[PDB]
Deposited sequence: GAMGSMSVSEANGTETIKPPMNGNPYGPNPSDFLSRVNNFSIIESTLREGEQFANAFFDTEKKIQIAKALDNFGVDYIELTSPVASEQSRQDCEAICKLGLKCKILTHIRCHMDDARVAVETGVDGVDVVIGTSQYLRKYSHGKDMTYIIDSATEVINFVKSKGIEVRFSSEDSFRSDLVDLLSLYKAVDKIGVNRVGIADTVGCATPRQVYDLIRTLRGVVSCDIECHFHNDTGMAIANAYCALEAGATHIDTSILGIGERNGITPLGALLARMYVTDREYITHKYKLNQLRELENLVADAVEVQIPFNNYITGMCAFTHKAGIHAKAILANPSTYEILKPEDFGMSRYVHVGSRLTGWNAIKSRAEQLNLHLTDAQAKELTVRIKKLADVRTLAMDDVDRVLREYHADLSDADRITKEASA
């Protein structure tokens, strides 16, 4: 039934793609996985060679196109680890992260890397007036590094620290200069964690117009924008995004690998599910979690205890449609069996059983008991946490 408090319907004035969409890289981009560089800055990371090798092997199998390693001049161990990893015959390309110096580059090339991701310092380029023109130059010695690396057949990308806090006149002029010389890629880094998504879109879109090469983005997560900035970077034409497993890095870290893949999955399911072995993500996160001794957060994307939960009960009635209507991520696409519908809270073995069934761990009668004994001995110490269920199950595989 109706009365005269309605309004004329707002209709728009044929539809197709906007010119912008053509530049978008949302279903066609590369991850540069940086667990073995930026991740080494994580407060509790102390990877030894064996552990670096396992992480590299597992990243390669997972499907990433590049892995980035700590500068081989950081330390002798670092140099050796870089050599070792370059000899495993991975399919993905191997990059190393270096300052813009000749010695750093020689050593990088010696170790066998496929490319050097270079950071240029603000002293390695100046503006000057020359024959009545405002001119930006990359200084002689710094230009030499690019040419050397190119001559030895190796990929080069050049970036600047703290890109969102630099003067745009300097920053864009530098990237145009580097582009005239010729690199594979330039990089943008929100080192400080202050960039906002529209700010990112606007900058990358402009960079895309200034240079002709590829564009890499590196986003810190101090203020919760790292996944959102990666996404807007992609919409604007960025071709490569730096990630880290569980985002581990300096302070609270960077764009988390799993989080990014969750976002990109929703945008294009076939693309992501075929490129990456998604069912391997738990096992990939657990490996790092174990090494850096952290627990997987209860609300971790995809793989946290609660990511695939629906509330059953009086509180489900707050949403109007069936709660199963709202399932943007399909658990099977990530190796899981279902959304778990939670009414009562499950203590003890009931909690293990549920989560284990969800994770596709076909457990023994014998394993059920070992686990139950271990959770009792844990609760004897203090109250359990949702987090503990994933922790006791860490050593178990689908």
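Undergrad: Counting from 1 along the deposited sequence, which stretches lack C-alpha positions?
TA: Missing C-alpha atoms (numbering from 1) occur across the ranges 1 to 7, 21 to 24, 410 to 423.
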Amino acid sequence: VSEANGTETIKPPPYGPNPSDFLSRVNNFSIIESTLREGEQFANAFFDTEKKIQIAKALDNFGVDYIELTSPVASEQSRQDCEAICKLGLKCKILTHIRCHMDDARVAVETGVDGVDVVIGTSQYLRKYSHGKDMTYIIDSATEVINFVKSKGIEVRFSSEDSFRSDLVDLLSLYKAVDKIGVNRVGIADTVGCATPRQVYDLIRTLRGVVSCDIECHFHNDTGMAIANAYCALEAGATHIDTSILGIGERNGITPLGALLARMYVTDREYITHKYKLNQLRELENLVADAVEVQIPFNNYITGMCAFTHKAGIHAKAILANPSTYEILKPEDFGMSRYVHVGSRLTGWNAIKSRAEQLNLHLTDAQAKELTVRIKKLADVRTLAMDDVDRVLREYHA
From here on, numbers count along this sequence of modelled residues.
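Undergrad: Is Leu23 a gap in at least one third of the other compared entries?
TA: Residue status for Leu23: no gap in any other entry.
Undergrad: Note whether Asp380 lacks coordinates in a third or more of the other compared entries that model its flanking residues.
TA: Yes; at least one third of the other entries leave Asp380 out.
Undergrad: Could you check which stretch, 140 to 148 or 265 to 273, carries the larger mean CA temperature factor in the entry?
TA: Mean C-alpha B-factor is greater for 140 to 148.
Undergrad: Comparing 312 to 320 with 280 to 288, which stretch shows the greater average C-alpha B-factor in the deposited entry?
TA: Going by the record's values, the stretch with the higher mean is 312 to 320.
Undergrad: Maximum C-alpha temperature factor per the entry, among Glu235, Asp222, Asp167, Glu216, belongs to which one?
TA: Largest recorded C-alpha B-factor: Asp167.
Undergrad: For the listed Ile53, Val26, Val373, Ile31, which has the peak Cα B-factor recorded in the PDB entry?
TA: Highest C-alpha B-factor among the listed residues goes to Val373.
Undergrad: Considering every modelled residue of the chain and its Cα B-factor in the PDB entry, is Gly348 in the lowest, middle or highest third?
TA: Highest third of the chain for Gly348's C-alpha B-factor.
Undergrad: What third of the chain, by the recorded C-alpha B-factor, contains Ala356?
TA: Within its chain, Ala356 is a middle-third residue by C-alpha B-factor, going by the deposited values.
Undergrad: Ranked by Cα temperature factor within the chain, is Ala43 in the lowest third, the middle third or the highest third?
TA: Middle third.
Undergrad: Divide the modelled residues of the chain into thirds by Cα B-factor and specify which third, lowest, middle or highest, holds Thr191.
TA: As the PDB entry reports it, the C-alpha B-factor of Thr191 lands in the lowest third of its chain.
Undergrad: According to the PDB entry, is the CA B factor of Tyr201 in the bottom, middle or top third of its chain, that is, lowest, middle or highest?
TA: As the PDB entry reports it, the C-alpha B-factor of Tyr201 lands in the lowest third of its chain.
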